[PDB]
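One structure is given here, and the rest of the page talks about it.
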Amino acid sequence: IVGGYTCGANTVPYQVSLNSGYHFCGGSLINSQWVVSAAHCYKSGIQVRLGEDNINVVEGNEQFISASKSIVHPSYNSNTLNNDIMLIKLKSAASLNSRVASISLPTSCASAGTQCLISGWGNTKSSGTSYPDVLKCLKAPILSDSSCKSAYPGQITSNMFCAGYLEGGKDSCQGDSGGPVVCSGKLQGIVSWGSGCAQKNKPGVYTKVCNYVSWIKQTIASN
Ligand SMILES: NC(=[NH2+])c1cc2cccnc2s1
Ligand SMILES: [Ca+2]
Ligand SMILES: [Mg+2]
């Protein structure tokens, strides 16, 4: 997250860190046994870490659970990143408490102009690399689809939306992939891609979760 702030320990209780010996992607807890992340974060051997704030210090509120199965969307295209969403089932159910909570799925899609909260442990520099140990947050609005499409011609599909600031300065970045975009208490997006980070006229692109609620509900009920 570039141009963001320190969230504060466990202020984003649904945020998860996917670890394969090191943190490589974020995700969101949707219920005690399931996590949603980005399909491009797929790896074999994932351990999900819940209740984290500093990912390099065991502070007492973490739950480390291995994944039993991962399901990448049937139509994920790694070349275009269309349908960049995946579900991860935990080996054991997590224990929900104040610090570990799940986030709700949307009933409808959010409108351009809606402010959201984006969080992650990704890079904090636009031209440079500095990875933080604690969770960073960024409040950003959903942008109109025309500003999204003019920034990325021929690359935006109806399963993606842009959020951020066209002036640059504030944005999600590498290491934030798979993490949450929560607007009005619902999970509306997943950090997916972009061009550099916090550059002018290159906002971040997010998977549009409201288009996958049926697939999510159906898949978790049958697995
Ligand atoms: N919001 C951005 N500028 C992002 C760029 C990338 C690049 C790779 C992975 N994730 C992201 S997010
Ligand atoms: Ca920790
Ligand atoms: Mg994240």
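When reading the values below, keep in mind they use all heavy atoms of this one structure, side chains included, and skip hydrogens, waters and symmetry mates. Whatever order the structure lists ligands and atoms in, that order sets their numbers, starting from 1. Position 1 is the first residue of the sequence, and the numbers go up from there.
The protein heavy-atom contact nearest to atom 8 (C) of ligand 1 is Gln174 CG, 3.7 Å. Counting protein heavy atoms only, atom 6 (C) of ligand 1 is closest to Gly194 N, 4.0 Å.
Neither the backbone nor the side chain of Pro203 has any atom closer than 4.0 Å to an atom of ligand 1 (non-hydrogen atoms only).
In plain terms, the two heavy atoms of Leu138 and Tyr5 that are nearest each other are N-CE2, 4.2 Å. The heavy-atom pair separating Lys208 from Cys109 by the smallest distance is CE-SG, 4.2 Å.
Of all atoms in ligand 1, listed by their number and element, those nearer than 4.0 Å to a heavy atom of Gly204 are 1 (N). Every atom of ligand 1 with a heavy atom of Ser192 under 4.0 Å away is listed here by number and element: 10 (N). Listed by number with element, the atoms of ligand 1 under 4.0 Å from a non-hydrogen atom of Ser177 are 9 (C), 10 (N).
Comparing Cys197, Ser172, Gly179 against atom 2 (C) of ligand 1, the shortest heavy-atom distance belongs to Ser172.
One N or O on the side chain of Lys89 and one on the backbone of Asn223 form a donor-acceptor pair closer than 3.5 Å. Put simply, the side chain of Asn10 never gets that close to the backbone of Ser98: no donor and acceptor are under 3.5 Å apart.
With 3.5 Å as the limit, one finds a donor-acceptor pair spanning the side chains of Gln15 and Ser119. Side-chain atoms of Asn83 and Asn159 include a donor-acceptor pair closer than 3.5 Å. Side-chain N/O atoms of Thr6 and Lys136 include a donor and acceptor closer than 3.5 Å.
The Ca ion (ligand 2) forms the vertex of an angle spanning O of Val57 and OE1 of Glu52; to the nearest 10 degrees it equals 170°. Annotation: angle subtended at the Ca ion (ligand 2) by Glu62 OE2 and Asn54 O is 170°, to 10°.
Judged by the 6.0 Å and 45° rule, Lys170 forms a cation-pi pair with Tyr165.
Residue-to-ligand polar distances place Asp171 within reach of ligand 1: an N/O pair is separated by less than 3.5 Å. Ligand 1 has a nitrogen or oxygen under 3.5 angstrom from a nitrogen or oxygen of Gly196.
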